[PDB]
Amino acid sequence: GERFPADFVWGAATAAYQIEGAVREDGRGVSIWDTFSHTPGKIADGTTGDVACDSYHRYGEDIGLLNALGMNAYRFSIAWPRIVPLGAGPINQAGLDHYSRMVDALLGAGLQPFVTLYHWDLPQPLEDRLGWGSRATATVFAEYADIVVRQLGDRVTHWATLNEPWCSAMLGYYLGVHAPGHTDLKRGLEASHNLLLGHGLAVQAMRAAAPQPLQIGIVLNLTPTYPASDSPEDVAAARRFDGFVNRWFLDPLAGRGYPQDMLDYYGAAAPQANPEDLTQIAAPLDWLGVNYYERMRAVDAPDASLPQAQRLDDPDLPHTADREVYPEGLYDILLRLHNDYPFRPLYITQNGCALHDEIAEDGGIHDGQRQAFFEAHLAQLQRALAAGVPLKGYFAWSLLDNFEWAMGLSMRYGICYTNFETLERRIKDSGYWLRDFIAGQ
Ligand SMILES: OC[C@H]1O[C@@H](O[C@@H]2[C@@H](O)[C@H](O)[C@@H](CO)O[C@H]2O)[C@H](O)[C@@H](O)[C@@H]1O
Ligand SMILES: OC[C@H]1O[C@@H](O[C@@H]2[C@@H](O)[C@H](O)[C@@H](CO)O[C@H]2O)[C@H](O)[C@@H](O)[C@@H]1O
Ligand code: NA
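Residues numbered from 1 in each chain as written, not as in the entry; some residues may be left out. Chains lettered and ligands numbered in written order. Heavy atoms only, no water.

- The record names X-ray crystallography as the way this model was obtained, at a resolution of 1.64 Å.

**As for the pattern of salt bridges**
Here comes step 1: Scanning all chains against the criterion turns up 26 salt bridges.
Here comes step 2: The salt bridge involving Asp-242 is made with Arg-247; its shortest N-O contact spans 2.9 Å.
Here comes step 3: Here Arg-295 and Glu-324 are joined by a salt bridge, their closest N and O atoms 2.8 Å apart. Separated by 29 residues along the polypeptide, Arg-295 in the loop between β7 (287-291) and β8 (296-300) and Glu-324 in the loop between β9 (309-311) and α13 (328-340) bring together distant segments of the chain.
Here comes step 4: The structure contains a network of salt bridges with shared partners spanning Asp-357, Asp-367, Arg-370, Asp-401, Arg-412 and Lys-428. (Salt bridge = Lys/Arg side-chain N within 4 Å of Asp/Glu carboxyl O. Helix = DSSP H or I, 4+ residues; strand = E, 2+ residues; numbered from the N terminus.)

**Comments concerning unusual backbone geometry**
Here comes step 1: In the segment running from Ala-179 into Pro-180, the intervening peptide bond is cis, with an omega of 5°.
Here comes step 2: Position of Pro-180 relative to the elements: it lies in the loop between α8 (165-174) and α9 (185-209).
Here comes step 3: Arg-344 connects to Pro-345 through a cis peptide bond whose omega is -5°.
Here comes step 4: With respect to the secondary-structure elements, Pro-345 resides in the loop between α13 and β10 (346-350).
Here comes step 5: The backbone of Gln-308 shows a phi angle near 60°, a positive value even though the residue is not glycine.
Here comes step 6: Looking at the secondary structure, you find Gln-308 in the loop between β8 and β9.
Here comes step 7: Residue classification places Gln-308 among the partly exposed positions, given a relative accessible area of 22%.
Here comes step 8: In this model, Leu-423 sits at a positive phi of 70°, which is unusual for a non-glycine residue.
Here comes step 9: Structurally, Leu-423 is set in the loop between β12 (416-418) and β13 (425-427).
Here comes step 10: For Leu-423, a relative accessible area of 9% puts it in the buried group. (Buried < 20%, exposed > 50% of the residue type's maximum accessible area, 1.4 Å probe, protein only.)

**Brief notes about the nonpolar core**
Here comes step 1: Counting residues in each nonpolar core, the largest one holds 146 residues, and the members touching the most others are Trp-33, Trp-80, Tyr-118, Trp-159 and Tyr-266.
Here comes step 2: Ignoring sequence-local partners within four residues, the contact set of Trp-33 consists of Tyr-17, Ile-43, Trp-120, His-178, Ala-179, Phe-403, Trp-405 and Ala-406. (Core = buried A, V, L, I, M, F, W, Y, C linked by side-chain atoms within 4.5 Å. Contact = heavy atoms within 4.5 Å.)

**A short note on the packing of aromatic side chains**
Here comes step 1: Counted under the stated rule, the structure contains 36 aromatic pairs.
Here comes step 2: Both rings, one in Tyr-17 and one in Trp-405, keep their centres 6.4 Å apart while their planes meet at 20°; by these two values the pair is stacked. Linking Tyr-17 in helix α1 (residues 16-19) with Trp-405 in the loop between β11 (391-397) and β12, this pair joins segments that are 388 residues apart in sequence.
Here comes step 3: Geometrically, the ring pair formed by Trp-166 and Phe-244 is edge-to-face, given 5.5 Å between the ring centres and 85° between the ring planes. Of this pair, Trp-166 sits in helix α8 while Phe-244 sits in helix α10 (residues 232-253); the two residues are 78 residues apart in sequence, bridging distant segments of the chain. For the pair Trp-166 and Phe-244, a shared accessibility class is recorded, and that class is buried.
Here comes step 4: What links up through ring pairs into an aromatic cluster is the set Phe-4, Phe-8, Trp-10, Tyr-394, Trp-433 and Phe-437. (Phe/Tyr/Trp six-rings, centres within 6.5 Å; stacked < 30°, edge-to-face > 60°.)

**Thoughts on the sheet that holds strand β1 (residues 9-13)**
Here comes step 1: Strand order in the closed barrel made by the 8 strands is β1-β2-β3-β4-β5-β7-β10-β11, with parallel pairing throughout. Direction aside, the axes of adjacent strands within the sheet are offset by 25° on average.
Here comes step 2: Bridge count between strand β5 (residues 215-221) and β7: 5 bridges; the pairing is parallel. Bridge pairing in β7 links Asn-221 to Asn-291.
Here comes step 3: Each of β3 (112-118), β4 (158-163) and β5 is contacted by α8, which is oriented at about 40° to β5, the strand it contacts most. (Pairing = 2+ DSSP bridges. Axes fitted to C-alpha atoms, helices over the stretch in contact; angles between N-to-C directions.)

**A few points about the environment of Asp-184**
Here comes step 1: Relative to the elements of secondary structure, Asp-184 occurs in the loop between α8 and α9.
Here comes step 2: By relative accessible area, which is 32% here, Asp-184 ends up partly exposed.
Here comes step 3: Placed 113 residues apart in sequence, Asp-184 and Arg-297 show a C-alpha to C-alpha distance of 25 Å.
Here comes step 4: Setting aside residues up to four positions removed in sequence, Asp-184 forms contacts with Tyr-173 and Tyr-174.

**Observations concerning the sheet that holds β8**
Here comes step 1: Spatially, β6-β8-β9 is the arrangement adopted by the 3 strands of the open sheet, whose pairing is mixed. Edge positions in the sheet fall to β6 (225-227) and β9, since each has one partner strand and no second. Each strand of the sheet is rotated relative to its neighbour by a mean of 45°, with strand direction disregarded.
Here comes step 2: In this fold α10 packs onto β6, β8 and β9, with an angle of close to 125° to the strand it touches most, β8.

Encoded structure:
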């Protein structure tokens with residue numbers, strides 16, 4: 001009841017800005033996250049992605065970790081700023097050559113590359129022209145996608161267009177906690193539409209530019225939502241939050257248009273989604289990736305910002321450094337995708353947790369709660385497979401401790417510990433647990 005398919009993808013995941021550093025090297029342009037990180041007060045601990053894990057130079061060390069963990073895949077992102085530094089403008093061949101070498105190093109190690117094209121590092125020049133608030137950014141995103149697949153698509157079969165458009169749109173343009181840091185609902189919703197349109201345009205451009213058949217998907221963060229009580233007010237709140245995070249993206253991707261309950265709720269703040277756009281958004285996916293960290297147990301919050309839902313913590317569930325642990329939410333969300341939506345196959349493209357990790361006296365990192373996190377979530381994946389869910393792989397978040405966006409370097413999600421001063425990496429106990437679990441397969 002333990003065993004995964006022999007062809008199951010086992011990996012760990014990262015994002016370029018979170019790990020690479022070398023922010024001005026080899027022609028790289030300025031990204032929104034460079035601008036944002038360098039804006040006083042935006043990052044909790046004053047850190048930036050300027051060095052991060054120095055993976056631009058140290059990716060071979062990262063490959064060494066993945067090999068030591070007995071993984072058979074690595075999910076990582078390509079930095080648009082390294083490929084088209086102005087966003088819309090000339091290619092930077094040095095950037096493409098870098099990722100060509102990295103892809104070859106992965107394939108040489110027996111690690112399948114699962115490449116994300118957009119993991120939040122929009123070139124700043126595009127943001128100067130409204131960024132995801134402009135349709136033209138979707139156009140030039142698709143051009144970037146074409147450029148990269150033409151060069152690497154002879155070797156990489158598995159691509160994702162976007163990582164987590166809800167974060168880019170709602171955290172970056174509505175709540176202002178992620179780059180570029182805008183705070184307007186209409187801007188967030190407009191951004192969400194142009195992200196989805198970028199996705200659709202990119203799929204078509206990638207299929208046209210591809211030198212071989214590709215497996216193209218999109219990666220969504222999904223948060224299963226539960227009403228804290230069965231009162232109408234709390235059930236409605238759960239429904240609005242579920243629409244805000246999940247259905248807003250799943251439905252148009254599924255060819256169902258935007259969810260009408262949310263359209264009516266947002267009113268004129270929602271974009272004018274003409275039919276032609278929705279057709280483009282609903283391009284068939286070869287796979288869908290799910291990023292899962294937590295559930296939302298919702299109570300009505302009439303006085304809060306839309307969607308007027310607040311989290312009610314449950315005393316019966318333990319917390320990590322930053323979240324409630326709820327492994328069964330992964331089962332629920334997969335069963336929902338399996339039964340309620342058409343996408344298949346599915347991958348878990350990010351799942352992991354943050355702890356107050358410390359190097360112990362013996363030199364290891366004794367992260368038992370993270371081991372238990374993986375054990376429990378993988379148990380729920382076994383249950384989901386048993387129910388018929390077409391799950392084809394699992395990527396642990398993250399390969400190593402990294403720059404976690406607005407939290408900076410101070411929130412450690414790695415299965416490997418990163419010393420940010422020396423840049424040494426050390427496998428945590430949870431990493432060795434994953435190694436041995438995967439090898440039992
Ligand atoms: O049939 C299974 C595949 O269904 C695709 O979803 C399509 C969607 O692309 C299309 O817009 C609407 C039109 O009604 O139909 C759905 O079935 C998924 O994208 C694939 O992942 C899935 O394999
Ligand atoms: O920096 C830590 C990780 O934060 C996650 O963001 C979660 C998101 O998954 C979830 O859907 C919403 C609402 O429940 O909460 C956010 O905090 C990102 O998905 C990860 O990429 C990121 O590594
Ligand atoms: Na705790």
